[PDB]
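One chain comes next, on its own, written as structure tokens: the form deposited in one PDB entry.
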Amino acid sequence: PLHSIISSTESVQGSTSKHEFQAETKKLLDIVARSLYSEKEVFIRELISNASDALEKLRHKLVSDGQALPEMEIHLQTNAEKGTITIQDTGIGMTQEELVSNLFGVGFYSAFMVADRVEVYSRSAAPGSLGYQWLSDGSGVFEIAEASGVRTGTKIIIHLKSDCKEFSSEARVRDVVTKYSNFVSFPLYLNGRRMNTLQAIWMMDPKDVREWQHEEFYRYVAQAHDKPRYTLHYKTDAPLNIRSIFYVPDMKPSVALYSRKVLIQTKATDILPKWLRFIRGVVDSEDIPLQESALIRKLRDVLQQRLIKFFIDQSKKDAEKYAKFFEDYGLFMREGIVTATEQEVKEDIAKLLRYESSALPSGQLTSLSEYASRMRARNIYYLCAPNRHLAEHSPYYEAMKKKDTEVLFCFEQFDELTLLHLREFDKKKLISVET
């Protein structure tokens, strides 16, 4: 049951009126066509983005006016014989002035990366509007004429270059559409076949998202078959635009980067610190282009503090579940501590650490912070030993415990090396009893 909407109903009665871009705008357009994007296949991504925004603007308008909603879809068509690719949306259109003035608008001209000659038809959703044609061949000269038989919305016909004939093949185009636009907000059809199925749940309100939805999305982005033990839905506007979901896999030992439901990097290792590479999920942000590493540090630092705060707030909600989490992922937290350059970052990550104490029963864990909360009046004392009993009957502990202080217990060499590297936490110093 193929559902297609694209066909030839457009015609131009009169002649076109030739126009020419300014020298400056022409230099920018050629940049978009050659010097702006690394992947020439992303022109499909951009046009789908445009089509989607156009559909939203139309919907929001109709919903606001209380009017009924028409078919709101995005259609792509490939034609190998004619060597073309078409994309039409039933969104809000473009007026004549927008077909002239405009050139949103930048993403469209990205089509001239693979196009020698492009044909465009648009008609505003405004009642009593006229259809118009737009033509250009890559130079700074475009044509505009009044066209009839133009459906409300926008239809973009691209005539691919000689070495870009690949984008006229259904196989190639399906690959690209499912890569960058699997979460498009409107129904997307390719040659009559439905493509998009997935819902960008990170855009929703956290309270409205259902647990089975998180489970579905986790299995998609992490390509796993288990469930997540932790889920953080973080949305913010103040620092930067951020729509993200983070998962902690349930099993023991690649966050995606999106922009407005549009994929950018499947592997976004740089978005988070190296010690947080066990995290799975997605980060969506409008404040992102376009390798890359400029303002990314801003985001990477914002997410690091939110995730640290997250894991802290989790321990005080379920200390036992967090204990198992620490046991399973403490490796990454120790690594992060030692790896860190600045001291403040070390003590931040260290807030996630957990050890046993002399003032606490065996099996119960405490943080460095909870230790200092019980510090009377100087320093932080610890002792590394094979087990709890061997540490309790130790002479060094008997000397320390007999007088005043709570003493921490660690039972692995890597736990001791971590505290030694940390040198000091908060306003106190980490000191071994064997000294």
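Start at 1 and count along the sequence shown; that's the residue number. Only residues modelled in both forms are compared. For clarity, a rigid core is taken as the largest C-alpha set superposing within 1.5 Å between two forms.
The form deposited in another entry is left out here; the points below concern that form.
Q: Once the rigid core is superposed, exactly one of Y234, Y230, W275, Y109 has its CA displaced by 2 Å or more between the shown form and the other one; which residue is that?
A: Among the listed residues, the outlier is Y109.
Q: Establish whether a shift of 2 Å or more occurs at the C-alpha of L29 between the shown form and the other one, with the two forms superposed on the rigid core.
A: Comparing forms between the shown form and the other one, the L29 CA shifts at least 2 Å.
Q: Where the Cα shift reaches 2 Å or more for at least three residues in a row, which ranges qualify between the shown form and the other one on a rigid core fit?
A: The runs that move are 22-25, 28-38, 104-109, 291-294.
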